[PDB]
Amino acid sequence: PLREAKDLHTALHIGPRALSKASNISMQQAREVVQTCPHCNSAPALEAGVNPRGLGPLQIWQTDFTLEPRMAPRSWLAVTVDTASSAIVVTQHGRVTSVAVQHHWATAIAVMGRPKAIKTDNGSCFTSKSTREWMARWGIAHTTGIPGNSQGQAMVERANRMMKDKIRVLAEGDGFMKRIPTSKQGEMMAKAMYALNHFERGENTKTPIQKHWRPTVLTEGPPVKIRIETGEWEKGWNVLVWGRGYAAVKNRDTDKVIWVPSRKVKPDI
Amino acid sequence: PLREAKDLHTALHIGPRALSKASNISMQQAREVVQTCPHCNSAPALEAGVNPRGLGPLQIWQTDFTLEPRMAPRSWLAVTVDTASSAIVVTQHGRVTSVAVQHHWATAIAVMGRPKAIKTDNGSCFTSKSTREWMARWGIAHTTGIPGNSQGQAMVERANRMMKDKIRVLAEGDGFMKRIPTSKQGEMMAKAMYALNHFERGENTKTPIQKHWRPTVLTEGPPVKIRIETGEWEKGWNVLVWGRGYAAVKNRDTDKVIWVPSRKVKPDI
Amino acid sequence: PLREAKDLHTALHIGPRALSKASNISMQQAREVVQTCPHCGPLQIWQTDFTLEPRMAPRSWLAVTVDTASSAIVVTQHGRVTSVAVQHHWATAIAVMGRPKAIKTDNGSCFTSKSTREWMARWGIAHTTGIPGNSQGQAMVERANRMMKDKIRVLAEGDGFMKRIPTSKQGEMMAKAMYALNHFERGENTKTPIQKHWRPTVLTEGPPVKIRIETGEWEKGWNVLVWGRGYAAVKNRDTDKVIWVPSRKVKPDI
Amino acid sequence: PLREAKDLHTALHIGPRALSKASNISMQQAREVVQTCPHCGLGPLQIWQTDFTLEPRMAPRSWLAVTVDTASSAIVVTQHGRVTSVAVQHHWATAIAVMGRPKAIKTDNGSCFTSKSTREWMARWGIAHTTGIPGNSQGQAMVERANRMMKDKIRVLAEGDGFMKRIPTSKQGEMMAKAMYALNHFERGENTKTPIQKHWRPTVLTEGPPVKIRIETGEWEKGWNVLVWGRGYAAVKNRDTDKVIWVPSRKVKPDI
Amino acid sequence: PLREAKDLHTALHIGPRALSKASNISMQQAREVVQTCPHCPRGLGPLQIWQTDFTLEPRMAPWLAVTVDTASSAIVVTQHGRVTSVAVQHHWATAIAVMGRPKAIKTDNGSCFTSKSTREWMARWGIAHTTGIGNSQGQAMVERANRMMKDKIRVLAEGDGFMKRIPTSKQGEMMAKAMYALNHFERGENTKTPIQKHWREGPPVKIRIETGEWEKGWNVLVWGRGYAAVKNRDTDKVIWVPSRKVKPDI
DNA sequence: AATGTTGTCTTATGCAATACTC
DNA sequence: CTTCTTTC
DNA sequence: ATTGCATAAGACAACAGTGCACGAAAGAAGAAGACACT
DNA sequence: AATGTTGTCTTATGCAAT
DNA sequence: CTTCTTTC
DNA sequence: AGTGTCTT
Ligand SMILES: [W+6]
Ligand SMILES: [W+6]
Ligand SMILES: [W+6]
Ligand SMILES: [W+6]
Ligand SMILES: [W+6]
Ligand SMILES: [W+6]
Ligand SMILES: [W+6]
Ligand SMILES: [W+6]
Ligand SMILES: [W+6]
Ligand SMILES: [W+6]
Ligand SMILES: [W+6]
Ligand SMILES: [Zn+2]
Ligand SMILES: [Zn+2]
Ligand SMILES: [Zn+2]
Ligand SMILES: [Zn+2]
Ligand SMILES: [Zn+2]
């Protein structure tokens, strides 16, 4: 049956259940036949990726431009968020230039303070010599991303949800439909980012401004296990941050801290 | 604090968790406040009951065109599947014409038999008076689809993902990567259709041939309950088909048969 | 330390106390650096005032707001003095700091108008007026006016702008000034205006909880440090021993 | 560990990270050791900085030709008696023999760099050359620090072996060599990798295992091999061109 | 590719594997290029055993001293003028700066390496020394370095137009082309460059092959969700196999 | 060089407190 | 006899 | 008595005729001529 | 007039031999 | 001193 | 005045 099944899959590439039933082969073997085939293994998962987040506020920032035509003429919205505090700062601009990046960054620093590093995309206004000189002056490390995959920029584009879903609702509330009047744009914006920092975020236990100015940093965390490349669970780690998607775990022997998917962490003892 | 919370949401449109905590209101009330707001319409009521299925073999067919450049210059693949037996029939054509549709349906009839009804999407070939007058002589019911949002012919469009992949796997297996030579295209077709229809489809207990020529039609099914618009569970129904996604259920008092989502059916007693 | 402080003052013109503390410089030296330059409870009561600024044209009028205890400062540029401008500046102020209790203004028309009046009722803020420019209500707001009217001028001259700041860089001047004032120390106190406002600290541990122990009882004396999927890690306050328990077995203590 | 670290610093005056790693000593101790002693950017092999310095302690061969890799911090120095068009080409030749053939080299406008002979030497090797004043910050500023590094290591080494103001000739070429081994093979500073490991890729992986990558249209394309596979990203090389690109983990799956 | 390969061999006389990889040419052509030119127990560890001997080439008139690593295949030559026991200390001094500190250096017992100055010099570096008891396995290694340096300098100098001798101003300069040709670019039919074996995995593992047998000789490089990438130690071919088909080797 | 995000949306259980049906 | 339009 | 097994979970995935069309912003690449070197 | 669908895909659970 | 390649 | 890197 094993050779007959191999020949059958060679010619027809029959799935494993059919070969297992037809030739009376156990499922592990039939699956082994599909696995050993080069063309039929065209769907392995091989998925991973952590945003990542910072262990404390004013450490990791993310910034990107988004287009909200309601703010016309200055329809470009530069959005920035701290990964630890989840607090949002936004300004309006008419053109996406490095001047707008250093201006917006100047405002966000004027509100929340100076961050350790800002994580942007591969845009031309962020990769300009002038921007590198600006962050060279303010001492902020620069981290770009994949060319076209904003998944790593997730928790800033996630902000672009609120900033665009809150501006819609608040603008419709004051009776503005096609374009927000220029006299009330500042009020709209101020109330907008006012509602998203001093007040909780749905099921969030604290407010983003409280998580900003009064963050929770564990000195030494509780012990956890992590699932390592071979699929095994390894003791000897402690967790410092455990969020919804991902957790930050620290190795006990070195104090190195890494971010891993939640599914790959379980309590140690 | 019902009015205080309402005012807070009026101005800032604060979520229910925040208003419930801030104004000490129970959950149901705060949620009612968010619900009662028009510009915060959640909504999210989109009726999920959606069922494109038929009862018996040769009763309801699905037919659509798709592009696979491996068969060029005749790369146009016409696909027709029987919704009850899941038996696929595909024919290659250089250009999508009503004559090509009548040729395809002529072959699928020459293999499976004359169907009672065929459901397609409203294209140029199907909505022509010529194809209409062709189904006229053969007595086959014609059912078009929504202009653009083709999610109902899915069990044929999904068939393309079942089809074209089995093409590639058979093409790469024979050393043909870019375009399959004209001499072996038809053999590729026959080998694909024989691999799909004459063997189990993954977890399928019967083969499409065993499901077509030896189908299983229940004289009368076991009793079930269905969840009705008000959310209640109503007795007095019997289930005739219970698949992975959807179920066909029959009303005991009238013998009227309707299709409903699996999640909306449970055993009666 | 002397060069770092000099560079810092060149760009932001930070006062001597802040540079002395930040760069570990003795008082006399840091002060000498500031000298060599030629152009050199919280959230209870606020103070608002308008001031002229022809260099910030077209939006020349600047609205300034300051807190009494935290010494914070928020500014907004406007093209003319209107009620919507006052409400905009106040919405930005409460956006950066939060909704206060009382705000002290003057007897001006923009602050005594109707559109400004009814805006106080919805947001719930108290107002106080009196003599047109008295010494107890209009004192510190003028100090802030000196703060901003000096900072914008000196920084704008420091980046190469002399007569009129271009329309693009104006907001950047705003942000740089507010950064030089909020986050930096203009007084002998080691606490910045930002520090004196939010009282920034770090949660060394979690809030107190009770945990259900093997016998089913609920025991006080624990704080929770981690709440993961399914289980929670809780720490005993008297010993710092940490154990993992099911989420269902934890509830807030008091 | 305390004696091993003391001997290592005595001879080479190795920085604290290297001594901490070599003898398994914590950071506070290594830093105390450095204290107790009195005398104490994308891809590599792309841009070099070359300049001359005059160490009077290396006389009569006082002129030192220094070339440091910008993306590796690894340096190559050779002694010369006079700065001419031949000494520069010999130094560049030795450096190329040590750390591989680069593509660009940044120097100043000296006569030894603008001569026709050296120009032809640049042309025959297919290497780029640019001028300068010098005195910039982004470029032309790394070699300046490298010169102080080299003169400092030579000074601390020769003065460590009993030579004060002039190094004996019969030992000159040695007191230079012992410097480079301390500035290339061992880690100098506070980083993790060694300046030699901070050089070339390292050991540019001729072949990786086969992968597919998801291309703009959503398709999965064969013909790539992965050279680096990190948590977020993988480095994959096209087999037909040797072009290497970085892509998200979710867009890669095993081939075959 | 034809011009790139021809130019590369003209200047450096690079072997066929290196030219094939560098210019993406199939092996038959590169071998034809090598043809067209007229003058044209080894797995312990790198940086452990060195062979050093003196062999004279008259083209560098008025000596040469070689030092080769027995694993990385790299070579270092200093071209001394007078053969003394000091030239050995300076030669090894220049070698341990490029190839690093070796764990041992073995030389055939001569009147030059057995001196007390050389022995104290060995002890000063913590490097063990053993006079060669020069072996038959090294007969094809250190002499290989000798004649490979001689022939490489001969072909480079002849290609430059210098028949008998080389100008002393160009002598120290052409030393680099030889080491660069014999160290960076690959030589012979080998796969790894002499550099790629000095600065460079599995547990190892065994893999279950199509016939069901378990084969030793593989190391695993990637273990993802479901599948593993394993590398054959001999050919360096890498294949992906199911997790169930891999187990630790020893 | 540099990784997917949470803010909500409905319905499904487990336990106090009216309002009923004997 | 062109365009013009609705679908795939 | 533990471990080989054919079943769960519990998702990923892509079918929809084809995808590349354009703009902005900042930098890189190619090209015609002026002052210095040859 | 005319309803998002399944075949794989990985890693966790119940019946019988060394 | 214009016209391409990159990315958002 | 070749021609050549440097200017724009
Ligand atoms: W034809
Ligand atoms: W033909
Ligand atoms: W034909
Ligand atoms: W004026
Ligand atoms: W004036
Ligand atoms: W004035
Ligand atoms: W004036
Ligand atoms: W003025
Ligand atoms: W003026
Ligand atoms: W004036
Ligand atoms: W003036
Ligand atoms: Zn197959
Ligand atoms: Zn609302
Ligand atoms: Zn100043
Ligand atoms: Zn020292
Ligand atoms: Zn040759």
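Points worth noting:
- Within the listed set A:183, A:85, A:26, the residue fluctuating most in the Gaussian network model of chain A (springs between alpha-carbon atoms under 10 angstrom) is A:26.
- Most mobile listed residue (A:219, A:120, A:107) in chain A, GNM with C-alpha springs under 10 Å: A:219
- Equivalent ellipsoid, the range E:126-250 (semi-axes from 5 times Cα gyration tensor eigenvalues, Å): 45, 19, 13
- Size of electric dipole in the range D:33-144: Cβ of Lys, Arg +1 and of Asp, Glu -1, about Cα centre, debye, nearest 20: 320 debye
- Each DSSP beta bridge with both residues in the range D:1-152 is either parallel or antiparallel, and the antiparallel ones are about 70%.
- Dipole of the protein assembly as shown computed with +1 at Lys/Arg Cβ and -1 at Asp/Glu Cβ about the Cα centre; of D:65, E:107, B:117, farthest Cα towards the positive end is B:117.
- Top of B:59, B:29, B:210 by mean-square fluctuation, Gaussian network on chain B, Cα under 10 Å: B:29
- At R0 = 45 Å, FRET efficiency that the Cβ-Cβ distance of residue B:183 and residue E:84 yields, to 0.05: 0.05
- Partner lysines for residue C:220 [C-alpha distance under 18 Å; skip if fewer than 8 residues away on the same chain]: C:210, C:235, C:241, C:249, C:251
- For the range A:223-267, a/c is not less than 1.5, where a ≥ b ≥ c are the root eigenvalues of the C-alpha gyration tensor, and a/b does not top b/c. That puts it in the oblate class.
- Shape of chain E, Cα gyration tensor, a/c cut at 1.5: oblate
- Applying a 4.7 Å cutoff between beta carbons, the unpaired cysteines of chain C are C:110.
- For residue C:163, net neighbour charge (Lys/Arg +1, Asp/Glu -1) across residues whose Cβ lies under 15 Å away: +1
- From its DSSP helices (H runs of at least four residues, each -39,500 (n - 2.57)), chain D gives a residue-normalised ellipticity at 222 nm of -11000 deg cm²/dmol.
- FRET efficiency for residue B:205 and residue B:124, using Cβ-Cβ distance with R0 set to 60 Å, rounded to 0.05: 0.90
- Share antiparallel - DSSP beta bridges, the protein assembly as shown, percent rounded to 5: 80 percent
- Sorting E:112, C:37 by the number of Cβ atoms found within 10 Å of their own Cβ, with the fewest placed first, yields C:37, E:112.
- Taking a straight Cα-Cα cut-off under 17 Å and skipping sequence neighbours fewer than 8 places away in the same chain, the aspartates and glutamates within cross-link reach of residue B:21 are A:200, A:203, B:4, B:7, B:32.
- Estimated FRET transfer efficiency when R0 is 35 angstrom, pair residue D:34-residue E:117 (beta carbons, to 0.05): 0.60
- Counting charges near residue E:86 (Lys, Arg +1; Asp, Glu -1) among other residues having Cβ under 15 Å from its Cβ returns a value of +3.
- Extension gain from residue A:174 to residue A:96, taking 0.36 nm per residue of separation minus the Cα-Cα distance: 25.3 nm
- Cα shape, the protein assembly as shown, gyration tensor, a/c 1.5 rule: oblate
Quick reminder, even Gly has a Cβ in these numbers, built from the backbone with ideal geometry, and neighbours come from all protein chains shown. Here, each number is a calculation from the coordinates, and none is a lab measurement.
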